Structures are given as C-alpha cells and as structure tokens.
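Starting from these lines, generate the structure:
(chains A, B, C, D, E and F)
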Amino acid sequence: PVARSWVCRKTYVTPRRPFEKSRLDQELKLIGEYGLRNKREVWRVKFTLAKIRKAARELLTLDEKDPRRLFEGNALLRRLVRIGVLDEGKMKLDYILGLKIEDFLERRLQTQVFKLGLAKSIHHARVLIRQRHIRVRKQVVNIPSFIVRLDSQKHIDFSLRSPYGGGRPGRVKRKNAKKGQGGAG
Amino acid sequence: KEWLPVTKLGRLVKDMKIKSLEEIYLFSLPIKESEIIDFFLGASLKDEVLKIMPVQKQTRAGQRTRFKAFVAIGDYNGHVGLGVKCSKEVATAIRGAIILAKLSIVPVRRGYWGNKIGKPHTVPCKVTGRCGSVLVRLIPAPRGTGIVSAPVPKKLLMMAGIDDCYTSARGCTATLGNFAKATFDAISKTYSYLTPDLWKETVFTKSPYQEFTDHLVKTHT
Amino acid sequence: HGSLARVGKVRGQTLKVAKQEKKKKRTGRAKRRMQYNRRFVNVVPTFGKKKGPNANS
Amino acid sequence: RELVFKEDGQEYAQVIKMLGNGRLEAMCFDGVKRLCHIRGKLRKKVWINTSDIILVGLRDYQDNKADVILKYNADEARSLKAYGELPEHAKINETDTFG
Amino acid sequence: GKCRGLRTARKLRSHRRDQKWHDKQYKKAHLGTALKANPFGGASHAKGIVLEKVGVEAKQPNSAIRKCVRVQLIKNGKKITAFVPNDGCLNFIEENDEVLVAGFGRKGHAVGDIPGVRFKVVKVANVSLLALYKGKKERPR
RNA sequence: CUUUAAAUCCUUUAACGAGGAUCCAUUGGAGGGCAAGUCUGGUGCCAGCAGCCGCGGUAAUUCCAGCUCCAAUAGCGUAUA
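Numbering: from 1, shown residues only, chains lettered A, B, ... in the order given. What follows is the structure:
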C-alpha cells in the first residue's frame, strides 16, 4: 500500500453527434470569437455550466423554507455573483437557468486583457498571457484560462520583469544593441 | 401582380377592416386564400425544405416518377404550419407545398415550468400527436434547457417558438412525413386541453360577417 | 498479362510520382482562426444553394 | 480473333466432364487434374462444351485450383495443333459445334 | 405488466428470468457453448502459424477472388481461416511465418462478400502490415 | 542557487539559444448514413474498396497515386467484454 491520491476526473464531455452543421458552426464561431485553441475548452466550459445548471435545478426541485435549500442556494448565488457573471440586483435562484455560455467565456483572462486595452487583438492577448508579461495583484499568470473575480478585474496590470511594463530589455533588443555597438566599435 | 380575392374573407382582410388573424383563429373560420396570412405575417415568416421523396406509379410503358415535397412554415414567436404536395416536377411541387403550408397554419400557446416568471417558454402540459404508427410526446421543460429531440421536430419547434422541450417518440420514425405530421398534430392539440386557468365563462365577441354585412354588400354582389 | 489474379498488380503497375515541395501548414490555434476567418467573416450574401469548398467543376 | 499463346502463368487444359456450381474440371497438358473456375466475363456471355481448348490461369500460392481465360472453337484449335502444344497421347478428336 | 399484485415479486422475477433466457444475446453471453466453440476463447487478438494460402471466392453480386491464409493457433491449435486485408500483402507471408490475427468486425460474424471467414491478420513477422505497406519498417533478416 | 539522507524533477536565475522562426503535427476520410471533388493520370468484375446499402464490364464522385479539403488535435484509428 502506497500513500498517493488516486483522485481525478474529466472536465469535458464529448457530444453524441460528431458531424452535423449547426452545432459545429456555433462551436467554431465561439472558438474564432474568443480566440481559443480547440473544441475541448468550449466543451469544458459547457460541462461546468451544465453541472452548475444541474445543481440549480436540484435546488429548485426542493420546496421552499428548507435549511439545506436556502444554504446551498445562497452559497451558489454568492459564488456566482463573486465570480463576475451575475449582478446583485438579480439575487435569485430561478435566474441561474437563464445563463448562457458566452457569459462564462466573458470572465476569461484572455478576453479580459483584450477588453481592458493591453493588447491589440485577442490572439495578441493570448500570446501575451502565454508569454508572462502581466500580473494579477503582484503575481504573474501564464495560463489563459484564468477566471477572474469582481474585485480582481481592476488590479490586473503588466509585470515588473517585462519590457512592456518597464524593466530589462528583451533578448532581441539587446542583440540588436550589441550588433550596433559592434558595427560602431 | 395584384391580389383579387374570391372569398369574402380575402376582401375583408384586403380593405384593412380586419386587424389581425387572431379573430379568424378565435371564430374558427376556414382559410381558403393564402394571401391573407401573407398580408398579416410578412418578413418574419420563413420556410425551408425537409425532405423531397419520389413515388412511382406502374404503367404499361416504363415507370412514372412524381416528386412529393414537404415544407415547414412559421415565425419564431407563435404560429406554425405544414403542408404536403406532390407534382411531376420539383419547382411546381415546392411552390404548391409552400402555398398549401402557408394556407394551413395553427396557433400555439406557451406555458411555464413551475414558476411563472417572464415570458412563457415551454409547452404548458403533456400533449400527444399520432398518425400512422408514429407517436410523439411533449413534456414541459425548465428554462435554458434547449430542445432535445430528433432534428425534424427540433426544426418544427424552432418554427413554433418554443425553445424548451422534452420529447419521447415511438414507432417507425424513419418515415419523415408521418413523423412531421404527428409532431404537427401534437403542436396543434395544445388548445383542446382545458387547464384550470381558463375555467371562467368566456364573453362572446362580435362576429366579423354580421358586423361588416354593410361593407360586403357595398363592395361585392 | 502474366496471370489473372496477381497480388499487387494495379499498385505495382501504377505510375510513381512524388510529392510537391510546399510550405508547412499552420497548426494549432491559428488553424482554427483561419478556419473561422474563411468560413464566417469573408462571405458575401449569395443566393441559391451554397457551394462546397472542393467544388472544381 | 487473334491467336494468343501461353505465357508465364498460362498453360493448356482439356475439359473432360460437366459439373455444376459454377465450377468444372480439366486435365492440363502437364498431366495434373486441375479444378478451374469460371471468372466473371465467361459465365453467360459464352458457353463451354465438352473437350475444348482453354487457357488456364495458375496460382502462386497453391497448386489445386485453376482459372479460365479464353476458348477456341475449331480453327484456332487446329492452328495451335499445327505448331504443337500438346502431347500426342491426348486427342483433339475434331472438336467443334455440331451442324 | 400482467401480474399486478401487491405481494407478487416472485412471479415477475421468475418470468423475467425465463423470458431473458428466451433471447439470443443473453443466451449467447451466459452459456459455455458460445465461448467453448469460439476460436479466440474470449480474446481480442491472437497469434498463429500460417500453413497454406488459399484464395476464396466472392459472393453472388460481385466477382473477385479474396486472398486468405490458413492459420493454426498456438494456445489451442485449432484451424481457422484468416484474411489479409490490403492490396499485395500476401508476398510478405511465407510458409511457417508467425502472424497476429484479430477480429473482423461483426463479433464473430462473416463481414461483406467473403463467405465463412471471421478473422483478419494485423501483424506478420512481428511487424505491422501497415508499416510494410507504407515502406516504414523492413522484415528482419 | 534552491530541493533532498546525497541527488534528480519543478521554480528562481547568469551567459547563450528562431524568418520558409527546416526548432518542418500526425491519425483516419472525402456516394448516403456522416463534415468534406462528378479534379487529373493508371487497371478494366482484374487489382481491390466497403461496419450496412453497395462500388469496379477498357469515360470509377467509392480502387491505385498527386492537388484541393473535411473531423479531432499531441492525438487518432482497429479488435474485443
């Protein structure tokens, strides 16, 4: 007997229809619009929203004025407000079922960098996230699938060790400066 | 390219003295002129083919093939229709099918799943349509679920305006005409089901014919 | 002829031509970007039935 | 039509008796009883009668089963008998179609 | 159901067991005959030795010959008939050369126009047939 | 430098390290099911393809090769319970 974890689970689900036009076009449109890598990421976001919707339907099945329904409904509502895809005016459990997948794709770090104004295009935003140039509250992020919170949207900025945000110049700039000093002396 | 009506309903809609198709559906008046609904429902009434199938008649010399065309009509916020036409060519068949489907359009109401919040989105009860051996059953669904079905009742429920369904079928579903007609019958049977939200006695509103007897005599013989 | 049922006859007698030297194809994220580009945002509102990408009639 | 001969993979055989099931048997002129099979285009386009001349396809993985290629009527038979392609123990016996 | 009594579970259970035995798939999967007469014996792949190469004919509506081999097994030694899939791969198979046979597609059933063959070969001489087709690997010498 | 019994791995970090950024992304398909050529050359019920319907008869939308493309993507195909 060894002391390991042995706990893991899938985060994406394969749809039953492999080849039909409309859902393929809709997923391909979402991949092109938000600049994602492959269909597994949008399937992962759909899987997470499906699990959230299943939990919301399970809470809405149980009758009013119960302790566990109110407790889990307020917990899930507070988490879904604090992740940034809900509003405090819409503070009800029956509005969870009306959410769409684009709302979950809005709070991704790549599109948040693209919409804040730190990159030209959304693909430029993704190759900025993968490049380690920015930070979220004095700590850099490399992963484009970094979901942000409502209080964490304002604090995103360039990292210290980056030529875009002020710091040491990169390899190609130093190589060109060395070439210029070699050609000059 | 003008419209010359043959029934008094066509003229009475033509002179803008019938406001909507709702009282035609209320008084259960038959529709025989296809340009009335084109006068009422305009740019939002879209159509597409479902299946074109050939049938054969055996004669002395060779085989004669006539093409049968199916089509669905209906706007995304209510009414929906269906029509079947067969002809020797494809263009005549699709034009006759489009005309006959536009002529025969049913209304549908929408209900709620548990909580009556916002606009209605689903079928208010369990309805069943049957023709041949084809069975189809419609269940009310929670909001944001989406239509889960075969592709052809998915298309028909998109033209019906309902976006939340749970379906269950039985029989030979490969016959597209009977499956489409059974789903159309299941959609059209949603009014012959007395829920307790309309148990009050209705007030009998005024019939169009007797109200515009004077205009009918003034216009036509 | 030789004989009727010879193994590897057509592929043995098939003319042997090689590949054409070309650049590499874009793989990964930009393949999906170009696919979305060509499929959605470089279209014109035509009429009739749509044409397949391999139509070379 | 044209007088084609045997090549590397073909020999000659003499059909003896009639059998069904799309198969029939013959003695090749090497002296081996072979069981040939009618191959596609000689089934009902052309018929085969008793004791005729048949080009035979061979096998590179066994020697128990043969094939069929063509057929010769009377003048092709005496033409290939003129050069000599069979042992003299076998007899053509003036095979043709009866009048 | 027909028996709708409040204290009836046994008749439902025994009738369901009997009508489950009156089936084909449940009869096949739960008897020793369908696995005892199975050449693979509940195995997906198997090795064997080729002895003869026999070309079997096609069915009625199409006309061809089909290249096949006669394979004896190692674990139980019975004689089966395999089928080399691709075009011109019989030249790689010599007398007494070990192969790797597998299933043919329809779970112990004849597939297509080949009569009486339920197996096909995957690898020969401990190398895949696909690599011999594509010119990737060479047979050992 | 850190880690560790000593390492190694990860991270921190010097000096190096990419224009066709040759530091070169494969696997199964293109008749219907089922997304995607009646393109070109060769064989001619032969070779073979095909889970099913079926495709090949000297003009193959299905075979053998090239180009184009479609599906998933460091993954894809086959056989079995």
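
how about the residues of chain C near chain D?
By the rule C-beta under 8 Å from any C-beta of the partner chain, the part of chain C lying against chain D is C:1, C:2, C:3, C:4, C:5, C:6, C:7. C-betas here are computed from N, CA, C, even on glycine.

Which one of the residues you listed is nearest to residue A:44?
Taking C-beta to C-beta as the measure, residue C:7 is the one of the residues of chain C next to chain D closest to residue A:44, at 49.2 Å.

Verify the assumption that residue C:32 is located in a helix.
Yes - counting by DSSP: H, G, I helix; E, B strand; the rest coil, residue C:32 is part of a helix.

What about it, how many residues nearby?
Neighbours of residue C:32 under the rule other C-beta atoms under 10 Å in any protein chain shown: 18.

Show the contacting residues for it.
Counting by C-beta atoms under 8 Å, 6 or more residues apart in numbering or on different chains, residue C:32 touches A:28, A:31, A:32, A:36, A:37, A:38.

quick one: which of these is most hemmed in?
Neighbour counts for the contacts of residue C:32 (other C-beta under 10 Å) peak at residue A:36, which has 26 neighbours.

What ranges does the chain have for its strands?
In the absence of a named chain, chain A is used. Remark: strands assigned in chain A by DSSP state E are A:134-136, A:156-158.

Chain D is the one I meant
Applying DSSP E to chain D gives strands spanning D:10-15, D:23-28, D:33-37, D:53-57, D:71-72.

okay if I get those strands as TSV plus distance to chain A?
Shown next, in TSV, are the strands of chain D (distance: least, C-beta to the nearest C-beta, whole Å):
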stretch	distance to chain A
strand D:10-15	49
strand D:23-28	46
strand D:33-37	43
strand D:53-57	44
strand D:71-72	51
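
Nearest the geometric middle of chain B, what residue?
residue B:81 (2.2 Å; C-alpha atoms, centre = their mean).

Find the residue closest to that residue in space, skipping its chain neighbours.
Nearest non-adjacent residue to residue B:81, counting by C-beta to C-beta, 6 or more residues apart in numbering or on different chains: residue B:105, 3.3 Å away.

can you count the residues close to the one you found?
So residue B:105, with other C-beta under 10 Å, has 23 neighbours.

do residue C:1 as well
12.

What separation is there between it and residue E:91?
Going from residue C:1 to residue E:91 by C-beta to C-beta, to the nearest Å gives 19 Å.

Distance check, the residue of chain A found nearest chain C against residue A:100.
Among the residues of chain A, residue A:32 lies closest to chain C, at 2.6 Å counting by C-beta to the nearest C-beta. Computed as C-beta to C-beta, the residue A:32 to residue A:100 distance reads 17 Å.

if we can go back for a sec, redo the strands of chain A as a markdown table? Include mean neighbour count.
A markdown table is the format used below for the strands of chain A (neighbours: other C-beta atoms under 10 Å in any protein chain shown):
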| stretch | mean neighbour count |
| --- | --- |
| strand A:134-136 | 20 |
| strand A:156-158 | 16 |
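
which among the residues of chain C next to chain D end up buried?
Buried members of those, scored by 16 or more other C-beta atoms under 10 Å in any protein chain shown, are C:3, C:4, C:5, C:7.

nearest to chain D, of those?
Nearest to chain D among those: residue C:3, at 3.5 Å, using C-beta to the nearest C-beta.

Report the contact partners of residue D:10.
Residue D:10 sits next to C:1, C:3, D:55, D:56, D:57, D:58, D:69 when contact means C-beta under 8 Å, 6+ apart.

and stretch B:18-31, how far apart are its ends?
This stretch, stretch B:18-31, spans 14 Å end to end (C-alpha to C-alpha, to the nearest Å).

got it, and stretch C:45-57?
Taking C-alpha to C-alpha as the measure, stretch C:45-57 stretches 22 Å from start to finish.

do that stretch and RNA strand F meet?
Yes - on the criterion C-beta under 7 Å from any atom of the strand, stretch C:45-57 is in touch with RNA strand F at C:52, C:53, C:54, C:55, C:56, C:57.

Pull out the buried residues from these.
Buried members of these, counted by 16+ other C-beta under 10 Å: none.

got the residues of chain A near RNA strand F?
A:18-21, A:24, A:27-28, A:37-40, A:161, A:171, A:174-175, A:178.

Ok, chain E next?
So chain E meets RNA strand F at E:29, E:42-45, E:58, E:61-65, E:67, E:85-88, E:90, E:102-108, E:111-114, E:130 (C-beta under 7 Å from any atom of the strand).

out of the residues you listed, which are inside strands?
E:65, E:67, E:102, E:103.

From these, pick the one nearest chain B.
residue E:103 (29.7 Å).

hang on, isn't that closest one packed against residue E:122?
No - if you go by C-beta atoms under 8 Å, residue E:103 and residue E:122 don't touch, sitting 9.8 Å apart.

the more surrounded of those two?
residue E:103 (18 against 15).

quick one: contacts for residue C:24?
If you count contacts by C-beta under 8 Å, 6+ apart, residue C:24 has none.

Assign it to helix, strand or coil.
Classification of residue C:24 using three-state DSSP returns coil.

Pretty sure residue A:159 sits against residue A:166.
No - using C-beta under 8 Å, residue A:159 is not in contact with residue A:166, being 9.6 Å away.

Comparing the two, which residue is more hemmed in?
Between residue A:159 and residue A:166, residue A:159 has the larger neighbour count (other C-beta under 10 Å), namely 18 against 10.

which ones are touching the nearest residue to the more buried one once chain neighbours are set aside?
Of all residues not flanking residue A:159 in the chain, residue A:135 sits nearest, at 4.3 Å (C-beta to C-beta, 6+ apart). Residue A:135 is in contact with A:141, A:156, A:157, A:158, A:159, A:160, counting by C-beta under 8 Å, 6+ apart.

related to what we said a few turns ago, buried subset of the contacts of residue D:10?
For the contacts of residue D:10, buried by 16+ other C-beta under 10 Å: C:3, D:55, D:56, D:57, D:58, D:69.

and residue A:163, what does it touch?
Counted by C-beta under 8 Å, 6+ apart, residue A:163 has contacts A:169, A:170, A:173.

Tell me how many other residues crowd residue E:71.
Neighbourhood size, residue E:71 [other C-beta under 10 Å]: 24.
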